[PDB]
There are 2 protein chains.
Amino acid sequence: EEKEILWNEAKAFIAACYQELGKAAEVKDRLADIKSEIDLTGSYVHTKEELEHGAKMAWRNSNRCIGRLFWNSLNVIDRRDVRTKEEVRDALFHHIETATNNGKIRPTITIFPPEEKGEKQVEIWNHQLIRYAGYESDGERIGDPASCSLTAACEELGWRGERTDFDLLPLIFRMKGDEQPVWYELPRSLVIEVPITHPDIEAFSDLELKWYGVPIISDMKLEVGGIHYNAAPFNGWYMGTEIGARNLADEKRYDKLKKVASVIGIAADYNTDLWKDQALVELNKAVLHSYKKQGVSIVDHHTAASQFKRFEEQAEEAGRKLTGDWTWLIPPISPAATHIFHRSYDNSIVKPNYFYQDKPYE
Amino acid sequence: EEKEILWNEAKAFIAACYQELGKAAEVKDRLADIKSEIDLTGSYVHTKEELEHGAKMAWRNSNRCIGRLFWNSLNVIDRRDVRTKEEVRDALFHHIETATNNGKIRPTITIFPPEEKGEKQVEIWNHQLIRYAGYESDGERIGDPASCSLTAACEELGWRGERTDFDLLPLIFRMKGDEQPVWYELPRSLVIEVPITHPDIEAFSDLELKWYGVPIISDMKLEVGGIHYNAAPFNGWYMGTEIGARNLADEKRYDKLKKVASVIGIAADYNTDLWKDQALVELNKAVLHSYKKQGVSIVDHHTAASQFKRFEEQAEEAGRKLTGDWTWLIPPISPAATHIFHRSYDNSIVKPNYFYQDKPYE
Ligand code: HEM
Ligand code: HEM
Ligand SMILES: Nc1ccc2ccc(CCNCCCc3cccc(F)c3)cc2n1
Ligand SMILES: Nc1ccc2ccc(CCNCCCc3cccc(F)c3)cc2n1
Ligand SMILES: C[C@H](O)[C@H](O)[C@H]1CNc2nc(N)[nH]c(=O)c2N1
Ligand SMILES: C[C@H](O)[C@H](O)[C@H]1CNc2nc(N)[nH]c(=O)c2N1
Ligand SMILES: [Cl-]
Ligand SMILES: [Cl-]
């Protein structure tokens, strides 16, 4: 059944891919080559072109992503050649550097060798390449709660966090054949962070908030034409609400709204005062302001939604069906102020695509 | 097939209803009585108890409603006895008075005679008993755009609006047998309106905004045990976001955010300033403030969500399955600040319930 599933996904992918790339007549020969390779090796190897385009289609198909207008400009790095843990490390280090691009973020994906027969060649443990540790001990809560289990897993491996609220986690990943993952501290020179300040309210600095510049999601599986690239970190730039409305605002994350209300000088006593709403708005304004001031790419939810509307228009005029997840596309602040809120989306899954996969710890 | 559909809905309703009311042993006899009545008349008549409880269950089952905690305290008025257009008018007038209750709003439903064989006895044309007219002529836009087609329909019937932005529409409904609906101007003494002012910003009055006190939805069908009550207006009190975030804020409604930004003294030039978000928050604070100050019942979205959480807890501990529409339950401002955003809901349709029905005009 395995080979059959593979062959079928391969037929659909190559057809679609070669048609978009204006290479329709090359399908028959390529598919034959593929058919033999599968019969003879149990799998097949993508050309540079297939891989690059498949990663772009995968982005284009991510129902939950509001930033898809720019799918065709994704920078794809092919690292299917790595074999050593040192090579993986340096490739991950490089990804951070070139994606960050001194603040002018380039949307980038680095692709590692794919699974063979469900056997991972490289297994990344980080949720993001850059993320803060979290600690929960005897009622004492430090840093990012979403990182608690990974942090505890790293502290099994010989690492120890300084237990500030903003400890950078080390890169952690396992190689095929090894029993335990390895870990490498991030070079601080590679990581841009942004201090959160407010355009009008000087006291906002008293909160001593900051966040990292580039979200590099590193735990999802890229699937292209039946080939499972479990290790393929990618990044865009942030939409401000991700930081200001969720990461810093959620009760199960940094939970800062009460502190925000205090520094902006409003009471946090009565629901009818809408103090949480006001606090959210000022925190989100501060995040956008701080990133711009630091010269680090970011988008506000309004601009982002107008871009996504263009993505919609582009999809129709190219004759492609649009898919989306309304519940994730709407932004967590002022959603009714965007067009997204007022239309519906088909949530069907189209491949290529990025998928959740089981965590190697927990 | 009609009688069969009816009988089946009746069996399920009476079973459930009599069980909740601790009257389980009275089911067999009641169902027999019902079975004969259907065979002999083509339909059946609900007892006072069945009707009252069925209207409450219908509210309890409205997936899209965040205010369901108070389903069991619904005030049900039985007007199945009306036969004249004067009687309907006075019943609608009465509903407004007793629901308004001098500002201490009582959630109320008035139930009129149900359809016979799809034949409506009374057919209400208003979306709400109290709502503002809308006009769109030669690029000139006045009042509430959502009311444009009903307003044009009324102005066919001999009525004429003053073309202020806040013209009260007359009640309009048709009686079985009549070809045209009739219309009656609302007595101004019965309608509470609230001027919108802001707690801190005196200039907010310059906008001369106002809204009506009681939303009385009058175009939905109540379905109870196979009986179709097409005419059954009901009301709660407002959640502030309904007014501040949608009615006054939407581009296809009153579209006031640019004006709001101006009076609160912020520029409306750059998306990154989040001026729409700030404007939404101040407008929503003003709406809550104005209603409280006027002594008219209203709830903020936070309190409302905490109440709905209690509804959820109550549903489980009573062994009832919970149903809901996540896309409508989340409030249109700061949705991620409520628990609703972070859980999922089953959107299955359970009867009794309230349903959309086709409009008699357009
Ligand atoms: C260029 C700037 C980009 C922006 C502003 C953007 C924006 C977003 C946002 C706000 C989310 C929701 C995040 C959350 O609520 O947790 C999202 C989801 C997602 N984005 Fe993007 N994105 C961008 C680029 C990319 C790129 C380059 C890829 C991959 C090539 C990608 C793939 C996805 C996927 C797979 C999800 C859903 C993840 C999940 O289900 O957990 N996006 N995007
Ligand atoms: C007591 C105060 C109440 C509050 C605060 C409340 C709140 C809400 C809100 C905010 C909505 C969404 C409105 C929209 O976005 O258009 C809603 C929907 C709804 N509510 Fe309630 N509600 C209340 C009482 C009631 C009552 C008394 C009933 C009927 C007996 C009811 C039945 C419904 C129904 C049927 C909907 C959905 C209508 C549709 O699909 O268009 N609610 N409620
Ligand atoms: N700005 C961007 C760009 C690309 C992105 C790509 C992916 C994401 C998702 C980040 N958070 C995903 C959380 C996944 C998850 C789902 C359920 C439970 C859980 F613990 C974690 C955000 C992005 N933001
Ligand atoms: N505060 C309350 C209480 C009860 C309510 C009961 C119902 C409602 C819904 C009011 N707006 C419904 C709009 C229905 C609709 C749907 C699609 C298209 C359309 F034109 C109209 C609001 C309520 N608000
Ligand atoms: C397509 C989408 O379901 C539609 O825009 C809904 C979204 N959720 C909503 N929620 C509420 N309360 N009211 C609405 O009118 C809508 N509109
Ligand atoms: C149950 C619900 O789908 C869940 O809370 C979702 C809602 N929409 C979301 N949307 C985004 N962008 N991010 C999220 O984490 C979530 N959480
Ligand atoms: Cl993030
Ligand atoms: Cl309304």
# chains A, B, ... in the order shown; residues from 1 in each chain; ligands from 1
$ residues_near_ligand --ligand "ligand 3" --cutoff "7 Å" --atoms "only C-alpha atoms and all ligand atoms" --output "PyMOL selection string"
chain A and resi 215+217+235-239
$ write_last_selection --atoms "N, CA and C atoms" --output "PDB file, in the first residue's frame"
ATOM      1  N   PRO A 215      10.247  34.537  13.367  1.00  0.00           N
ATOM      2  CA  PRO A 215       9.621  33.276  13.764  1.00  0.00           C
ATOM      3  C   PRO A 215       9.979  32.194  12.754  1.00  0.00           C
ATOM      4  N   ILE A 217       9.482  28.455  12.205  1.00  0.00           N
ATOM      5  CA  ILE A 217       8.767  27.246  12.645  1.00  0.00           C
ATOM      6  C   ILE A 217       9.543  26.020  12.179  1.00  0.00           C
ATOM      7  N   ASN A 235      10.277  30.285   7.554  1.00  0.00           N
ATOM      8  CA  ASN A 235       9.926  31.522   8.231  1.00  0.00           C
ATOM      9  C   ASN A 235       9.300  32.539   7.312  1.00  0.00           C
ATOM     10  N   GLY A 236       8.538  33.429   7.924  1.00  0.00           N
ATOM     11  CA  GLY A 236       8.085  34.644   7.287  1.00  0.00           C
ATOM     12  C   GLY A 236       8.569  35.742   8.203  1.00  0.00           C
ATOM     13  N   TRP A 237       7.883  36.882   8.164  1.00  0.00           N
ATOM     14  CA  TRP A 237       8.019  37.898   9.196  1.00  0.00           C
ATOM     15  C   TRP A 237       6.736  37.855  10.028  1.00  0.00           C
ATOM     16  N   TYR A 238       6.769  38.459  11.205  1.00  0.00           N
ATOM     17  CA  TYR A 238       5.627  38.448  12.108  1.00  0.00           C
ATOM     18  C   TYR A 238       4.496  39.382  11.661  1.00  0.00           C
ATOM     19  N   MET A 239       3.259  38.958  11.904  1.00  0.00           N
ATOM     20  CA  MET A 239       2.134  39.890  12.019  1.00  0.00           C
ATOM     21  C   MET A 239       2.084  40.326  13.473  1.00  0.00           C
TER      22      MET A 239
END
$ select_by_dssp --residues "stretch 117-358 of chain A" --states "strand (DSSP E)" --output "PyMOL selection string"
chain A and resi 122-124+134-137+140-143+171-175+182-184+193-195+210-212+216-217+221-224+227-229+234-235+238-239+298-299+353-355
$ residues_around --residues "residue A:119" --least-positions-apart "4" --cutoff "9 Å" --atoms "only C-alpha atoms" --output "NGL selection string"
:A and (114-115 or 176)
$ closest_atom_pairs --of "chain B" --to "ligand 2" --cutoff "8 Å" --atoms "only C-alpha atoms and all ligand atoms" --output "tab-separated table"
residue	atom	partner	partner_atom_place_in_ligand_line	distance
B:55	CA	ligand 2	30 (C)	6.7
B:56	CA	ligand 2	30 (C)	6.6
B:58	CA	ligand 2	30 (C)	7.0
B:59	CA	ligand 2	30 (C)	4.6
B:62	CA	ligand 2	35 (C)	5.2
B:63	CA	ligand 2	37 (C)	7.3
B:64	CA	ligand 2	37 (C)	4.9
B:65	CA	ligand 2	43 (N)	3.9
B:66	CA	ligand 2	7 (C)	5.0
B:67	CA	ligand 2	6 (C)	4.1
B:68	CA	ligand 2	24 (C)	6.6
B:70	CA	ligand 2	1 (C)	6.7
B:71	CA	ligand 2	27 (C)	7.0
B:74	CA	ligand 2	27 (C)	6.3
B:106	CA	ligand 2	1 (C)	7.9
B:107	CA	ligand 2	27 (C)	4.9
B:108	CA	ligand 2	27 (C)	6.2
B:109	CA	ligand 2	30 (C)	6.4
B:220	CA	ligand 2	35 (C)	7.8
B:234	CA	ligand 2	29 (C)	5.5
B:235	CA	ligand 2	27 (C)	4.7
B:236	CA	ligand 2	1 (C)	3.6
B:237	CA	ligand 2	2 (C)	4.3
B:238	CA	ligand 2	5 (C)	5.0
B:239	CA	ligand 2	5 (C)	4.7
B:241	CA	ligand 2	10 (C)	7.5
B:242	CA	ligand 2	10 (C)	6.0
B:298	CA	ligand 2	5 (C)	7.2
B:299	CA	ligand 2	5 (C)	6.2
B:304	CA	ligand 2	5 (C)	6.7
B:328	CA	ligand 2	15 (O)	6.3
B:329	CA	ligand 2	12 (C)	7.1
B:331	CA	ligand 2	10 (C)	7.6
B:353	CA	ligand 2	35 (C)	7.5
B:354	CA	ligand 2	35 (C)	5.3
B:355	CA	ligand 2	35 (C)	7.2
B:356	CA	ligand 2	40 (O)	7.2
$ closest_residue --among "A:279, A:350, A:318, A:152" --to "chain B" --atoms "only C-alpha atoms"
A:279
$ residues_around --residues "residue B:4" --least-positions-apart "2" --cutoff "12 Å" --atoms "only C-alpha atoms" --output "ChimeraX atom specification"
/B:1-2,6-11,35,38-39,42-43,226
$ write_last_selection --atoms "N, CA, C and O atoms" --output "compact mmCIF listing (two decimals), in the first residue's frame"
# COMPACT_ATOMS: atom_id res chain seq x y z
N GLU B 1 -46.43 12.60 3.99
CA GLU B 1 -45.14 12.82 4.63
C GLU B 1 -45.21 13.91 5.69
O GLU B 1 -44.52 13.86 6.71
N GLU B 2 -46.07 14.91 5.45
CA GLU B 2 -46.25 16.03 6.37
C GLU B 2 -46.66 15.59 7.77
O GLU B 2 -46.00 15.96 8.76
N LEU B 6 -44.51 15.63 11.33
CA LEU B 6 -45.09 16.29 12.49
C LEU B 6 -45.13 15.38 13.71
O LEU B 6 -44.71 15.76 14.80
N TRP B 7 -45.65 14.17 13.50
CA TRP B 7 -45.77 13.17 14.55
C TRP B 7 -44.43 12.83 15.18
O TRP B 7 -44.33 12.66 16.40
N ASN B 8 -43.40 12.74 14.35
CA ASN B 8 -42.08 12.37 14.82
C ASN B 8 -41.44 13.47 15.65
O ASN B 8 -40.80 13.20 16.66
N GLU B 9 -41.63 14.71 15.21
CA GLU B 9 -41.09 15.84 15.95
C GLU B 9 -41.85 15.97 17.27
O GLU B 9 -41.29 16.37 18.29
N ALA B 10 -43.13 15.62 17.24
CA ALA B 10 -43.98 15.76 18.42
C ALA B 10 -43.59 14.74 19.48
O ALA B 10 -43.55 15.05 20.67
N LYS B 11 -43.30 13.52 19.04
CA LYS B 11 -42.87 12.47 19.95
C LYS B 11 -41.58 12.84 20.64
O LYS B 11 -41.45 12.66 21.85
N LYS B 35 -51.74 12.06 18.90
CA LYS B 35 -51.82 11.22 17.72
C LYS B 35 -53.19 11.28 17.07
O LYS B 35 -53.30 11.30 15.85
N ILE B 38 -53.85 14.86 15.49
CA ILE B 38 -53.19 14.97 14.19
C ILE B 38 -53.96 14.22 13.11
O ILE B 38 -54.19 14.75 12.02
N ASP B 39 -54.37 13.00 13.41
CA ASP B 39 -55.15 12.21 12.47
C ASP B 39 -56.46 12.91 12.11
O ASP B 39 -56.93 12.82 10.98
N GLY B 42 -55.14 17.35 11.46
CA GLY B 42 -53.98 17.61 10.63
C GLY B 42 -52.86 18.26 11.41
O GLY B 42 -51.77 18.48 10.89
N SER B 43 -53.14 18.58 12.67
CA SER B 43 -52.16 19.21 13.54
C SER B 43 -52.52 19.03 15.01
O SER B 43 -53.46 18.31 15.34
N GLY B 226 -42.61 20.19 15.93
CA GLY B 226 -43.25 20.05 14.64
C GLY B 226 -44.20 21.18 14.30
O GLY B 226 -44.72 21.24 13.19
$ closest_atom_pairs --of "chain B" --to "ligand 1" --cutoff "12 Å" --atoms "only C-alpha atoms and all ligand atoms" --output "JSON lines"
{"residue": "B:336", "atom": "CA", "partner": "ligand 1", "partner_atom_place_in_ligand_line": "15 (O)", "distance": 10.6}
{"residue": "B:341", "atom": "CA", "partner": "ligand 1", "partner_atom_place_in_ligand_line": "15 (O)", "distance": 11.8}
{"residue": "B:342", "atom": "CA", "partner": "ligand 1", "partner_atom_place_in_ligand_line": "15 (O)", "distance": 11.5}
$ residues_around --residues "residue A:263" --least-positions-apart "2" --cutoff "12 Å" --atoms "only C-alpha atoms" --output "PyMOL selection string"
chain A and resi 197-198+200-208+256-261+265-268+279+282-283
$ atom_distance --atom1 "atom CA of residue B:178" --atom2 "atom CA of residue B:82"
15.4 Å
$ residues_near_ligand --ligand "ligand 8" --cutoff "12 Å" --atoms "only C-alpha atoms and all ligand atoms" --output "ChimeraX atom specification"
/B:127-132,144,146-147,211-218,235-248,253
$ closest_residue --among "B:271, B:73, B:338, B:357" --to "chain A" --atoms "only C-alpha atoms"
B:271
$ interface_residues --of "chain A" --to "chain B" --cutoff "7 Å" --atoms "only C-alpha atoms" --output "JSON list (two decimals) with N, CA and C atoms, in the first residue's frame"
[["chain", "number", "residue", "atom", "x", "y", "z"],
["A", 271, "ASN", "N", -14.99, 45.18, 34.07],
["A", 271, "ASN", "CA", -15.11, 44.68, 32.70],
["A", 271, "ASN", "C", -15.66, 45.74, 31.76],
["A", 272, "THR", "N", -16.65, 46.50, 32.23],
["A", 272, "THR", "CA", -17.29, 47.52, 31.41],
["A", 272, "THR", "C", -16.37, 48.65, 30.98],
["A", 273, "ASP", "N", -15.21, 48.77, 31.62],
["A", 273, "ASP", "CA", -14.23, 49.78, 31.20],
["A", 273, "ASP", "C", -13.47, 49.33, 29.98],
["A", 274, "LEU", "N", -13.65, 48.06, 29.60],
["A", 274, "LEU", "CA", -12.94, 47.49, 28.46],
["A", 274, "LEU", "C", -11.42, 47.68, 28.55],
["A", 277, "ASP", "N", -9.26, 45.46, 26.43],
["A", 277, "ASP", "CA", -9.29, 45.83, 25.02],
["A", 277, "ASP", "C", -8.35, 47.00, 24.75],
["A", 278, "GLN", "N", -8.37, 47.98, 25.64],
["A", 278, "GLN", "CA", -7.53, 49.16, 25.50],
["A", 278, "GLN", "C", -6.06, 48.77, 25.64],
["A", 281, "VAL", "N", -4.78, 47.05, 22.55],
["A", 281, "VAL", "CA", -4.52, 47.97, 21.46],
["A", 281, "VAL", "C", -3.18, 48.70, 21.66],
["A", 285, "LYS", "N", 0.18, 48.36, 19.34],
["A", 285, "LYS", "CA", 0.76, 49.56, 18.74],
["A", 285, "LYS", "C", 2.24, 49.64, 19.09],
["A", 288, "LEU", "N", 4.30, 47.04, 16.95],
["A", 288, "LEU", "CA", 4.53, 47.52, 15.59],
["A", 288, "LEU", "C", 5.53, 48.65, 15.56],
["A", 300, "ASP", "N", 1.14, 44.79, 10.11],
["A", 300, "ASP", "CA", -0.07, 44.91, 10.94],
["A", 300, "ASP", "C", -1.19, 44.08, 10.32],
["A", 302, "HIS", "N", -4.23, 44.73, 9.49],
["A", 302, "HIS", "CA", -5.00, 45.36, 8.41],
["A", 302, "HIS", "C", -4.32, 45.21, 7.05],
["A", 303, "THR", "N", -3.05, 45.62, 6.97],
["A", 303, "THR", "CA", -2.26, 45.48, 5.75],
["A", 303, "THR", "C", -2.21, 44.01, 5.32],
["A", 332, "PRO", "N", -6.81, 38.20, 15.90],
["A", 332, "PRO", "CA", -7.40, 38.16, 17.24],
["A", 332, "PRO", "C", -7.73, 39.54, 17.80],
["A", 333, "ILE", "N", -7.42, 40.60, 17.07],
["A", 333, "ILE", "CA", -7.99, 41.90, 17.42],
["A", 333, "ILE", "C", -8.64, 42.58, 16.22],
["A", 334, "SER", "N", -9.72, 43.31, 16.49],
["A", 334, "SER", "CA", -10.63, 43.88, 15.49],
["A", 334, "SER", "C", -10.94, 43.02, 14.27],
["A", 335, "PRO", "N", -11.23, 41.73, 14.46],
["A", 335, "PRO", "CA", -11.46, 40.90, 13.28],
["A", 335, "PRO", "C", -12.58, 41.40, 12.36],
["A", 336, "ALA", "N", -13.66, 41.97, 12.90],
["A", 336, "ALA", "CA", -14.73, 42.47, 12.04],
["A", 336, "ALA", "C", -14.32, 43.69, 11.20]]
$ atom_distance --atom1 "atom CA of residue B:69" --atom2 "atom CA of residue B:315"
9.4 Å
